[PDB]
Ligand SMILES: [Fe+3]
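In the numbering used here, the protein residues as written are 6 to 59.
Here it is in structure tokens:
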């Protein structure tokens with residue numbers, strides 16, 4: 006829950022929005038995101054994501 010950083014490129018993930026365009030429905034917790042999922046426009050993979058305190 007809450008938003009999250011990428012790691013370096015600068016693509017903050019928002020769970021309330023999800024990333025449905027990429028395959029992650031809205032309301033998907035960053036933890037629940039499949040490890041097969043990757044940054045929308047960056048090539049690294051979900052790792053070392055800091056929580057964004059909205
Ligand atoms: Fe990225």
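Each residue gets a CB set at the ideal place from its N, CA and C atoms; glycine is no exception.
{"query": "Cβ-based burial, residue 24 [other Cβ within 10 Å; buried from 16]", "result": "buried"}
{"query": "For review: beta carbons within less than 5 Å of any heavy atom in ligand 1", "result": "11, 14, 16, 44, 47"}
{"query": "Spatial distance of residue 40 from residue 50 (CA atoms)", "result": "7 Å"}
{"query": "Straight-line Cα distance separating residue 16 from residue 26", "result": "14 Å"}
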